[PDB]
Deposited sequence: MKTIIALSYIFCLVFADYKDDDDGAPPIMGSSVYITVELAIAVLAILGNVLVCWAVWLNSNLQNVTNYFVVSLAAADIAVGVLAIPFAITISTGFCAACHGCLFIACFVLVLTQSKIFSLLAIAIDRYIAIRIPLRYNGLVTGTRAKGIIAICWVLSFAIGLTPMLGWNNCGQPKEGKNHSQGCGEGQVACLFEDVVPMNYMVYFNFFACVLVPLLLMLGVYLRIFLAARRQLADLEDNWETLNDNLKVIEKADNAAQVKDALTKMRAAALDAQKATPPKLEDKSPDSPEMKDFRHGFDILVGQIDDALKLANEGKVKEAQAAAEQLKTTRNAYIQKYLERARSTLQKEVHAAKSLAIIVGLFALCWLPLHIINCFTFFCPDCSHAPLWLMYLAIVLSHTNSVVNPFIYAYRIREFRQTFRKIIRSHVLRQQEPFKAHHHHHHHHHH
């Protein structure tokens, strides 16, 4: 007395095909953009490309697999396992790519001087290839023996008339829910997501601390100038100049144009320090006044450029954090439903329509990343226009 299953099946299959088309087109555009623009050919975008390659595979393979397993067709149980678990391989690869992007950005903001020598393209390719191997091993673990193939639903397999060694290919009949909850969700998805949260929190903490240190050195420069102009004793000028020389060397610790600026600044401070040690107070004050011209024509240019670079790193890290957040938004509902199915056997199973709504939502994650790049990364957006208009 239920509606014919092909009616709801047609809606589900049509929606899945719409998602596969959008996932392929958008992520092919991302890969094409990185190929054409050398400004997008950095190590960070090598993981973005691996991220896009997995989403392309979601539309090409994982979504046709999901359509197949929804029919419950008779199949050899290990072949049904591969059909059911291959999306876990792709998803695990994206988790590894997302974690590497956060680590790459944390390295770029914590030690930017050592970044290009530490994070190279060759090492990135090796990391990516290793993570794909681990993704296959993690996602296909049920094929190694952790499955319900040894406990088949004989009622379903007889009613559908499956042959010997065959089962009705249904996800929750062949894939153990304890694998899905403890192994896949808790260990392989939830824990890495929490690690990404901690890395991005450390990224924003590092940026906030460095931006405050730039303003601290800047105000230390201007406040000690007022101390010298209103000083009366020679030691007052000397103590204020010693603290400027520390804040000057600690601020540097066309790139030589900024190095030449601190050379003038420290040189003038040493000039005023020599006069202050001699007892000359008026001549030491006038020498310290020369620091203002160096501050305007040099030191202020470094502050605003160093501040601009840090603000770009904050904005870029926020964009990459949105991608992690949308990943969790798309996949957590399916994981949470499996937790209810596993941990509350007295709860009624989530209805059929909610199951496939959660499945469809997890697939839409393969569509959203190209939109994040187009809206939040100007280099991607301008390359997208160039590809499309020509």
property: Deposited-sequence ranges lacking C-alpha coordinates, in sequence order; result: 1-22, 276-289, 427-447
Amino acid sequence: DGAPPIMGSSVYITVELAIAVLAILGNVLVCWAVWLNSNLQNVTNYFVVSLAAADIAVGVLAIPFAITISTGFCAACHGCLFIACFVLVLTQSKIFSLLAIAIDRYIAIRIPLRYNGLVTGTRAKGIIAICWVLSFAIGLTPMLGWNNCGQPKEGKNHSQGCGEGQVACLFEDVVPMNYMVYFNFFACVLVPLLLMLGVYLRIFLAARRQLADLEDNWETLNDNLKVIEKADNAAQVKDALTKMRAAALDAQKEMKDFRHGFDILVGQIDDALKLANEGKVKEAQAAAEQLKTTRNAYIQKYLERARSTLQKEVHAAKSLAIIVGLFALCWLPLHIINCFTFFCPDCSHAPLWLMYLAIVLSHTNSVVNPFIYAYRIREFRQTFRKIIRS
From here on, numbers count along this sequence of modelled residues.
query: 209-217 or 84-92, whichever carries the higher mean Cα B-factor; finding: 209-217
query: Per the entry, higher mean C-alpha B factor between 161-169 and 241-249; finding: 241-249
query: 105, 312, 123, 295, ranked by C-alpha B-factor: the highest one; finding: 295
query: Selection by C-alpha B-factor (highest) of 181, 127, 291, 191; finding: 291
query: Residue 146 CA temperature factor, ranked by third within the chain; finding: lowest
query: Position of residue 287 among the chain's modelled residues by C-alpha B-factor, lowest, middle or highest third; finding: highest
query: For residue 319, the third of its chain into which the C-alpha B factor falls; finding: middle
query: CA B-factor placement of residue 198, once the chain's modelled residues are sorted into thirds; finding: middle
query: Third of the chain, ranked by Cα B-factor, where residue 185 sits; finding: lowest
